[PDB]
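First to last, the sequence lines map onto chains A and B. Note that my numbering has the first sequence beginning at 2, numbered continuously upward. Note that my numbering has the second sequence beginning at 42, numbered continuously upward. Scroll down for the structure; my scribbles are underneath it.
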Amino acid sequence: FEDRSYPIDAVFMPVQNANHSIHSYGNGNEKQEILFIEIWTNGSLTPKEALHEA
Amino acid sequence: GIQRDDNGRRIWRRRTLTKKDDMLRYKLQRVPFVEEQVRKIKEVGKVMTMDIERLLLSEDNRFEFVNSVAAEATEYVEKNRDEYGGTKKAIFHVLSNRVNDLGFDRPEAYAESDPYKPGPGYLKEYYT
């Protein structure tokens with residue numbers, strides 16, 4: 002509250018957006034599904050680095 | 042308007058906008074989060090819907106367009122019977138060729154597959 006300093010309402014979101022999707026496959030009784038993950042970052046982190054950190 | 046600067050080079054006035062257009066700054070901006078949307082559009086085949094609408098912008102009668110496309114597809118099938126019916130469809134090939142004839146690059150007959158199929162025998166189960 003001191004020294005008349007103006008705050009900055011920072012939003013700590015290095016990952017701008019993220020999504021996941023599922024693809025399913027199967028031939029009879031045996032099934033299998035695949036996970037896809039999309040990562041958008043603001044350059045302070047690569048999507049691979051974001052994946053590992055998460 | 043002719044003027045040479047004593048060395049054989051001709052100096053001329055470049056044409057410039059020299060004015061303010063507010064529509065330039067506000068319109069040349071790109072949305073950053075449409076990768077999945079574009080990929081899904083390509084996967085489901087809406088680019089072909091856009092192509093079909095584009096082809097009809099130059100047709101006075103749409104029934105004539107349909108008849109001509111059907112005739113061209115019939116010629117395609119008669120000339121090379123074995124190449125169509127599976128992954129390549131004659132009508133899709135005709136549409137892609139008519140789009141390509143305008144100078145717009147398209148995959149042949151809009152034929153695409155899934156690179157993530159886990160080997161032979163596995164069929165994708167659609168999630169309704």
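Every residue gets a Cβ at the ideal spot worked out from N, C-alpha and C, and that includes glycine.
- Rounded to the nearest angstrom, the gap between the Cα atoms of A/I23 and B/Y151 is 24 Å.
- Given a length threshold of 4 residues, each whole run of the alpha helix (DSSP H) inside the segment 65-122 of chain B is given here in chain order: 76-85, 88-97 and 103-120.
- Just so you know, the alpha carbons of B/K61 and B/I43 end up roughly 29 Å apart.
- Straight through space, the alpha carbons of B/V75 and B/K68 are spaced by roughly 17 Å.
- Around B/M89, the same chain offers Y151 as residues with beta carbons nearer than 6 Å, after the five sequence neighbours per side are excluded.
- The beta-carbon distance between A/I38 and A/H21, rounded to whole angstroms, is 5 Å. This is short enough to meet the 8 Å contact definition.
- If you check each beta-carbon in the segment 47-77 of chain B against every beta-carbon of chain A, the ones closer than 9 Å belong to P73, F74, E76 and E77.
- No Cβ of chain B is located within less than 7 Å of the beta carbon of A/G44.
- B/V135 sits in a helix when the DSSP states are folded into three classes.
- Note on the segment 7-48 of chain A: whole beta strand (DSSP E) runs with a minimum of 3 residues are 16-28 and 31-42, in chain order.
- Each residue's CA atom was taken as its position, placing B/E166 and A/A55 some 29 Å apart.
- For A/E50, the nearest beta carbon of chain B is not closer than 7 Å to its own beta carbon.
- The beta carbon of B/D46 sits closer than 7 Å to the beta carbons of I52 from its chain, once the five residues preceding and following it are set aside; these are given in chain order.
- Of all C-beta pairs linking the segment 104-117 of chain B to the segment 125-132 of chain B, three or more are shorter than 8 Å, placing the two stretches in contact.
- Using a Cβ-Cβ cut-off of 9 Å, B/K87 is close to nothing in chain A; its nearest Cβ partner there is about 18 Å away.
- Look at A/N30: its C-beta is not under 7 Å from any C-beta on chain B.
- For B/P148, same chain residues with a beta-carbon under 8 Å away, outside a window of 5 residues either side, are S137 in chain order.
- B/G160 has a beta carbon lying at 7 Å or more from every beta carbon in chain A.
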